[PDB]
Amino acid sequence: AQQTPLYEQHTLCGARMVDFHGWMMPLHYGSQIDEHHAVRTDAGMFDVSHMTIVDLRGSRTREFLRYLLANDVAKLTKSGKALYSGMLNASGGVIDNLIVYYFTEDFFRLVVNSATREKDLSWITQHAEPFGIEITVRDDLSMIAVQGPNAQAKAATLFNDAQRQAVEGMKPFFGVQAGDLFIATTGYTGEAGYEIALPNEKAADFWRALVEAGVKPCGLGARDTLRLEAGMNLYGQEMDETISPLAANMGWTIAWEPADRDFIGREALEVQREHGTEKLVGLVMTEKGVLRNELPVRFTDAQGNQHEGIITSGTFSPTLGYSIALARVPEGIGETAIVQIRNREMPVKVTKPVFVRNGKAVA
């Protein structure tokens, strides 16, 4: 297993380390519930240095990305603007979900997950080649996500004056380089905050300063509860190469217009959308218990006919005080379902695939 440059900082902060996709990472630092509460109510931070940052440069960068991705980077017209997009195979299945930043006409950046690093890099370098793109894998950078209603103010205590000037009033989904800090208003929690990427040799001391600024260290346990409440997908669970983005609540990130932009998978996706697909929904179990991954989700239709879907991610929501789950299900589901939890058929409410907006329950 490999470790980030923060491994020692995590131990001084009391991390319980686990192996995560070949990375030793903190599962929590004492209490994953408290960690979740810190992000919802104040500031918490996560070591995201196992993500890979890819810089792409060259005159055909935009053109390349318009073909590679199912969202349309032509929508990025202001310097530093980011979007979320799927990156599909030829069959329209999801290879990854990623974020991409536009800096100049000839300079974009992708951030990809740890678990999909090698597959994504091969797919990208395979497809970029005929476009003549200079592709830089930035393993020289670490990254920290600082999240919560006080996260931006706490982090900005560490910024110099030029860095504060650069991010003043910055809106969501922008990133800007300001000295050795790349500061972006992105995250995986439902809350405001930054993800800050910086050189590996600077990351330990920056983490230390953030702790001292009153930002709580938060591990993978809270990262799951927060992202799931916020209705955000985890690759491998909500989607993978066998799953259409239309069946993983990624429909909103497909930029169908302009019609004349072909992208990898678009043909297959148009065919999928015409045949219709399953859909990712939210489940809430208010009865005692916890929904778990890969459990069957069953409902009986208008006619007496049974249909079955599956939980893609389940957890206990500390903000709701109930278990929640995301689940991929046949079209036709109504307002309730049943999930089989160890020999017993638990009723659940079926909702939109999001549970918390702005620290508040969405029902």
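Residue numbers run from 1 along the displayed sequence.
Please compare 246-254 with 273-281 and say which has the higher mean C-alpha temperature factor in the record. The deposited B-factors put 273-281 ahead on the C-alpha mean.
120-128 or 220-228, whichever carries the higher mean Cα B-factor: So the stretch with the higher mean C-alpha B-factor is 120-128.
Just to confirm, going by the entry's C-alpha B-factors, which of 52, 305, 317, 31 comes out highest? Most elevated C-alpha B-factor of the set, per the entry: 305.
Going by the CA temperature factor in the entry, name the top one among 115, 155, 82, 133. Among 115, 155, 82, 133, the highest C-alpha B-factor in the entry belongs to 115.
Cα B factor band for residue 91 (lowest, middle or highest third within the chain): Highest third, going by the recorded CA B-factors of the chain.
Relative to the other modelled residues of the same chain, rank the CA B-factor of residue 139 and answer lowest, middle or highest third. Lowest third - that is where residue 139 ends up once the chain's C-alpha B-factors are sorted.
With respect to C-alpha B-factor, does residue 259 fall in the lowest, middle or highest third of the chain as deposited? Highest third, going by the recorded CA B-factors of the chain.
Within this chain, which third does the Cα B-factor at residue 335 fall in: lowest, middle or highest? For residue 335, the deposited C-alpha B-factor lands in the highest third.
Chain third (lowest, middle, highest) by recorded CA B-factor, residue given as residue 293: Its C-alpha B-factor belongs to the middle third of this chain's values.
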